[PDB]
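Q: this one's structure only:
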């Protein structure tokens, strides 16, 4: 049960962690690509593809980041604090009708 | 090479089964 | 279509907007390119990969 | 006056929108209208009914549920739970929650015929 | 050994702004097929891992 | 002195007649589960390989 209540929250929180990490993955794929541009292009090609690099990051990534997270875009499910009290005990006792 | 690298390959696997 | 861009904005409010490429031959007989200009890419109940 | 089929003007009509019977097929109709509303006949689309649970997470185990006469937690998946399964979110509400639903759109009329049934009682949200 | 024209082509693509969000990690395509997964209203896409 | 002799532990089983007819051979149960397997309507059972 506690794993089901855990994955009620943590499957949502690492979904938005994954959501912004997919953004870092395309941010990184921006950088590893252009690192290969600099080592390979002609000096004329660098200016033509740097301006296209400017316009690429201003049109794939120019808008505000839509991964908004403070406490409220989350539903009310992520405000609970589970507790679990009780006591198990083994007894050699009769049944006391 | 040229920065990135070691941080690119660690978050390539975005499935966070860690 | 302006209808398509308004419905897309309402659906995605806190999600990314990734840019996927879709081949024209991978689309089935339902999603003909004549039909896409009128209503958009209709995803059935099975679903389509991007 | 066909054209676009605005979702926010589509209407749901029927007798089993707010009342459901377990183990029996429950029918309701989905009608499609445009921006001003003129009963778009050629409105080929898809209607889905993803369900969400509602309530607070509750449980009980009770070791040896026969001596204490605790019928509340005799069965470990909380089938013998208390009143109406309302406000109770166990793992059965969380991982399965699949009432099978089917849509039977006709070939030029403007009604979507939707039927659904469930195995459990409770208090859920139907995202039509 | 061979000059390569390489049969240059008629690539017709659709740049679809696919808005995915709060994706659940899923195995290969055979189980992410719509009629057998049935996502919640929070999660909105399926990440095909393998 | 008990588990070496293996003292009687007695079982409760169900002898049930299963109507397996025209099975399809398919490999290990990890992909023979109903969350991904289709079971085309010509068939109504799934034989398992290694």
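A: That came through, no problem. Numbering: from 1, shown residues only, chains lettered A, B, ... in the order given.
Q: For the rest of this, base every contact and every neighbour count on C-alpha atoms.
A: OK.
Q: what bridges to the closest residue to residue E:29 other than its chain neighbours?
A: Among residues not flanking residue E:29 along the chain, residue E:48 sits closest, at 6.6 Å (Cα to Cα, 6 or more residues apart in numbering or on different chains). For residue E:48, the beta-bridge partners under DSSP bridges are residue E:26.
Q: List the contacts of residue E:48.
A: Residues in contact with residue E:48 (Cα atoms under 8 Å, 6 or more residues apart in numbering or on different chains) are E:25-29, E:32.
Q: hmm, which two among the residues you listed are most spread apart?
A: Using Cα to Cα, the pair of the contacts of residue E:48 lying farthest apart is E:25 and E:29, separated by 11.6 Å.
Q: Got a PyMOL select line for the buried ones in the contacts of residue E:48?
A: The following PyMOL line selects those of the contacts of residue E:48 that are buried, judged by 16 or more other Cα atoms under 10 Å in any protein chain shown:
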select buried, chain E and resi 25+26+32
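Q: State the number of residues packed around residue A:70.
A: When counting by other Cα atoms under 10 Å in any protein chain shown, one arrives at 7 neighbours for residue A:70.
Q: that older thread, out of the contacts of residue E:48, which is nearest to residue E:43?
A: residue E:25 (10.3 Å).
Q: The closest one contacts residue E:44, correct?
A: No. Assessed by Cα atoms under 8 Å, residue E:25 is found out of contact with residue E:44, at 11.4 Å.
Q: need the residues of chain E near chain B, please.
A: Within chain E, the residues that sit near chain B (Cα under 8 Å from any Cα of the partner chain) are E:25, E:49.
Q: and whichever residue of chain E sits closest to chain B, what does it touch?
A: When scored by Cα to the nearest Cα, chain E has residue E:25 as its residue closest to chain B, at 6.3 Å. Neighbouring residues of residue E:25 by Cα under 8 Å, 6+ apart: B:15, E:46-49.
Q: and the gap between it and residue A:86?
A: 35 Å (Cα to Cα, to the nearest Å).
Q: ok so residue C:34 is a strand residue?
A: No. Assessed with DSSP: H, G, I helix; E, B strand; the rest coil, residue C:34 is helix; it does not lie in a strand.
Q: how many neighbours does it have?
A: 9.
Q: how about it, what does it touch?
A: Contacts of residue C:34 (Cα under 8 Å, 6+ apart): none.
Q: now check stretch D:3-19, is it near chain C?
A: Yes. Taking Cα under 8 Å from any Cα as the criterion, stretch D:3-19 and chain C are in contact, through residue D:4.
Q: residues near the residue in chain C that chain F sits nearest to, how many?
A: Chain F sits closest to residue C:46 of chain C, with a gap of 12.2 Å, by Cα to the nearest Cα. When neighbours are counted by other Cα under 10 Å, residue C:46 registers 11.
Q: for residue A:49, same thing?
A: 16.
Q: Indicate the residue of chain B located nearest to chain F.
A: Distances between chain B and chain F by Cα to the nearest Cα are smallest at residue B:17, namely 18.9 Å.
Q: Against chain E, how distant is that residue?
A: The gap separating residue B:17 from chain E is 9 Å, by Cα to the nearest Cα, to the nearest Å.
Q: about what we covered before: now for the contacts of residue E:25, which pair is the farthest apart?
A: Going by Cα to Cα, the pair spanning these furthest: B:15 and E:46, at 11.2 Å.
Q: neighbour count winner among the two?
A: residue E:46 (22 against 18).
Q: ok, that one - contacts?
A: E:23-26, E:32.
Q: Same check on residue D:97?
A: Neighbours of residue D:97 in contact, by Cα under 8 Å, 6+ apart: D:51-53.
Q: Also residue E:26?
A: Here residue E:26 is in contact with E:32, E:46-49 (Cα under 8 Å, 6+ apart).
Q: and if you look at residue D:123?
A: Going by Cα under 8 Å, 6+ apart, the list of residues near residue D:123 reads D:53-54, D:85-87.
Q: now do 7 Å
A: Neighbour list for residue D:123: D:54, D:86 [criterion: Cα atoms under 7 Å, 6 or more residues apart in numbering or on different chains].
Q: do the same with residue C:12
A: Contacts of residue C:12 (Cα under 7 Å, 6+ apart): residue E:19.
Q: buried stuff in the helix or strand that contains residue C:19?
A: Assigned by DSSP states H and E, residue C:19 belongs to strand C:18-23. For strand C:18-23, the neighbour count (16+ other Cα under 10 Å) marks residue C:18 as buried.
Q: do the same with stretch C:1-13
A: Judged by neighbour count (16+ other Cα under 10 Å), stretch C:1-13 contains these buried residues: residue C:12.
Q: Check the secondary structure at the residue of chain D found nearest chain B for me.
A: Closest approach of chain D to chain B (Cα to the nearest Cα) occurs at residue D:95, with a separation of 18.7 Å. The three-state label given to residue D:95 by three-state DSSP is helix.
Q: Ramachandran coordinates for the nearest residue to it once chain neighbours are set aside?
A: Spatially, and ignoring its direct neighbours in sequence, residue D:95 is nearest to residue A:4 (7.5 Å; Cα to Cα, 6+ apart). Here is the backbone geometry of residue A:4 (degrees, to the nearest 10): phi -70, psi -40.
Q: One more: the one 5 residues further on?
A: Listed backbone geometry of residue A:9 is phi -100, psi -50, with angles given as degrees, to the nearest 10.
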